[PDB]
Structure formats: structure tokens, C-alpha cells
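Here the Cβ is made from the backbone with ideal geometry for all residues, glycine too, and neighbour counts use every protein chain on show. The numbers here are math on the coordinates, done by the rules we state, and not lab data.
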Amino acid sequence: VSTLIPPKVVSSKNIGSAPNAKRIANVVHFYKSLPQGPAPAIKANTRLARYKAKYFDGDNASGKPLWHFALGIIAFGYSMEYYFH
Amino acid sequence: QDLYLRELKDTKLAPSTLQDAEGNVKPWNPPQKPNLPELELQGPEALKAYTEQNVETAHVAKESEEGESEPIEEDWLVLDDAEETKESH
């Protein structure tokens, strides 16, 4: 009809409602993120925890970490047979 | 020359009767003075716009069209429409 403001209508809606939702998820995701792998908390030792944080730790995760249980139970069971048999 | 002078006389005093004297012409029944001078003077406007060509009918230029200075109703609808058009930008 006459003059208007075709571009200035970005007030009524920002570009990309789906991109806006994605970016809003991105802001919460990236902001509420550790600076560089923060909050590790690996070490622990209290009676059994000295074995948990050492033997159930994934630095090795080899076969001996489970085999310690077998060796210990064998130590218990040999005395069990000695007191039993 | 007599044939030149006589021709000039008969073609001048008679030309006087036709034009240089308001005696019209006896040989021709209708005088051109009662025919051309006023009525055929409207022949110029008969070919032109009669009482309108020399007159040049008054036609003042008008105003161009606008929105009637209406931002109470046109502005909001215009804004919504432009934003709707922006949805496919």
C-alpha cells in the first residue's frame, strides 16, 4: 500500500524458533558444564574402601581385580575346611 | 501593359469588392462576412473543445492518497503481518 518496516518485524518473533530452542538448550548445557573435567573425586580408603578405590578402579580392570576375591575366599574356605573336616 | 493594367484593375477593384470593401459580392449570393467572420470563427472551436478549449476547464490538481494517519489500527496489523511474512525468511 505504502511505506512500512518489513525488516523491523523481528520484534514480534526472533528468527528460528526451533534454532532458538536448540540454542537455549545449548546455553544451559554449555554453561552448566565443568571447566575442564572438574569434580573428579577418585581416591577413597576406609577399611574396605582402601580396596574399592584401588581394586575396583578402572586403571587396570584386568583379570586379577576379580581374582583377589577368589584368592581371599580360598583363604577363608581352607580354614573353613580345617575347622569343619 | 494594357492586358496587364486592365487585368490589375478588374482584379483589384473587384478584389476591393470581395475583401477591401465590405460590399461582399453581387455575383455570389451569400456574403462571407455573414458566414465566416463570426459563425465560422466558432469553426475553430468547432474543431476544438467548444466553450472548453479556449476556456480550459478548471481542473485543480487533487491530493494523493495516504493511510488517513491511522496508526491505532493499521500499525499493529501491519506489524503482525510483517512478522508473519518474516516466518519464512
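Output the residues belonging to region A:40-55 that are in a helix (DSSP H, G or I) and hydrophobic (A, V, I, L, M, F, W, C). Within region A:40-55, A:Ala49, A:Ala53 qualify.
Looking for something under 30 Å from the mean Cα position of the chain (by Cα), within 30 Å of A:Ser2 (Cβ to Cβ), more than 14 Å from chain A (Cβ to nearest Cβ) and loosely packed, with under 10 Cβ neighbours inside 10 Å - is there at least one such residue anywhere in region B:51-59? For region B:51-59, residues under 30 Å from the mean Cα position of the chain (by Cα), within 30 Å of A:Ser2 (Cβ to Cβ), more than 14 Å from chain A (Cβ to nearest Cβ) and loosely packed, with under 10 Cβ neighbours inside 10 Å: present. Of the residues in region A:21-31, not one is closer than 30 Å to A:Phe69 by Cα and of a type outside the set (A, V, I, L, M).
The set of residues from region B:45-89 being charged (D, E, K, R) and assigned to a helix (DSSP H, G or I) comprises B:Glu45, B:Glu74, B:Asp75, B:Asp80, B:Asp81, B:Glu83, B:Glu84, B:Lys86, B:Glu87. Restricted to region A:1-17, and to residues there that are surrounded by 12 or more Cβ atoms within 10 Å (Cβ to Cβ) and facing chain B (nearest Cβ under 7 Å), the residue that is nearest to the chain's Cα centre (by Cα) is A:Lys13.
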